[PDB]
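S.K.: Line by line, the protein sequences give chains CS and Cc.
Counting with PDB author numbering, you get residues 126 to 187 for the letters of the first sequence.
Counting with PDB author numbering, you get residues 7 to 76 for the letters of the second sequence.
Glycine is no exception: its CB is placed at the ideal position from the N, C-alpha and C atoms.
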Amino acid sequence: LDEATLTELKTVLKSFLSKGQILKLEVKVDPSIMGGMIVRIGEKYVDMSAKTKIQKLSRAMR
Amino acid sequence: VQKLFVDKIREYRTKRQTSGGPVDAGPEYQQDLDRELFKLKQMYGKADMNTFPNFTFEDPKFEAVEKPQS
């Protein structure tokens, strides 16, 4: 991605912790996630992706 | 994911444009719905659409008892 959408996520990910610290990060590209991003601050895992096609089993689940 | 909420309704409306049953059946849905239509009649029975019950019953014949008495 570009600079205007990454320097926010390198700063809005600092708004969570708030303990006098200097953050670090890794990036890995995966296309099987079709339309989102997953992130793991420690052991947190806020998932927003194309898993939400499998969550439409409830339409087929009576 | 309300952007996915609109995108599974809008490709449900496309399925509501139907002419003859299946859209991509081919030899698949034509054979399977005919294989299953036999099995609801195969071990069940041979039955028409509107034919009433047509039969006739005969009761037990009342024989007599011969009896010289006194």
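Hey, would you say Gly-160 (chain CS) sits closer than 8 Å to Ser-143 (chain CS), going by beta carbons?
M.R.: What you label residue 160 (chain CS) is simply residue 35 of the first sequence in a count that begins at 1. What you label residue 143 (chain CS) is simply residue 18 of the first sequence in a count that begins at 1. The answer is no: Cβ separation not under 8 Å.
S.K.: Report the CB separation of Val-171 (chain CS) from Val-164 (chain CS) in whole angstroms; it is logged as a contact under 8 Å.
M.R.: As a working mapping, residue 171 (chain CS) is identified with position 46 in the first sequence. As a working mapping, residue 164 (chain CS) is identified with position 39 in the first sequence. That pair is a contact at about 6 Å.
S.K.: Which residues, in chain order, does the segment 150-163 of chain CS contribute to contact with chain Cc at a C-beta distance below 8 Å?
M.R.: The residues in question: there are none.
S.K.: Can you grab the Cα-Cα spacing for the pair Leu-148 (chain CS) / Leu-138 (chain CS), in whole Å?
M.R.: Against the first sequence, residue 148 (chain CS) aligns to sequence position 23. Against the first sequence, residue 138 (chain CS) aligns to sequence position 13. For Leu-148 (chain CS) and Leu-138 (chain CS), the distance between alpha carbons rounds to 8 Å.
S.K.: Who are the neighbours of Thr-130 (chain CS) on chain Cc, taking C-beta pairs under 7 Å?
M.R.: Position 5 of the first sequence, counted from the first residue, corresponds to residue 130 (chain CS). Within 7 Å Cβ-Cβ: nothing; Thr-130 (chain CS) doesn't reach chain Cc, min ~18 Å.
S.K.: Please report the Cβ distance between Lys-14 (chain Cc) and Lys-181 (chain CS), rounded to the nearest whole angstrom; I am assuming they are in contact, meaning their Cβ atoms lie under 8 Å.
M.R.: The residue given as residue 14 (chain Cc) occupies position 8 in the second sequence. The residue given as residue 181 (chain CS) occupies position 56 in the first sequence. About 6 Å separates the two Cβ atoms, so the contact holds.
S.K.: At the 8 Å Cβ level, is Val-12 (chain Cc) part of the contact set with chain CS, yes or no?
M.R.: Taking the second sequence and counting its residues from 1, one reaches residue 12 (chain Cc) at position 6. No, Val-12 (chain Cc) does not count as interfacial toward chain CS.
S.K.: Roughly how many angstroms separate the alpha carbons of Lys-169 (chain CS) and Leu-134 (chain CS), rounded to a whole number?
M.R.: Your numbering for residue 169 (chain CS) matches position 44 in the first sequence. Your numbering for residue 134 (chain CS) matches position 9 in the first sequence. Spanning the two alpha carbons is a distance of roughly 16 Å.
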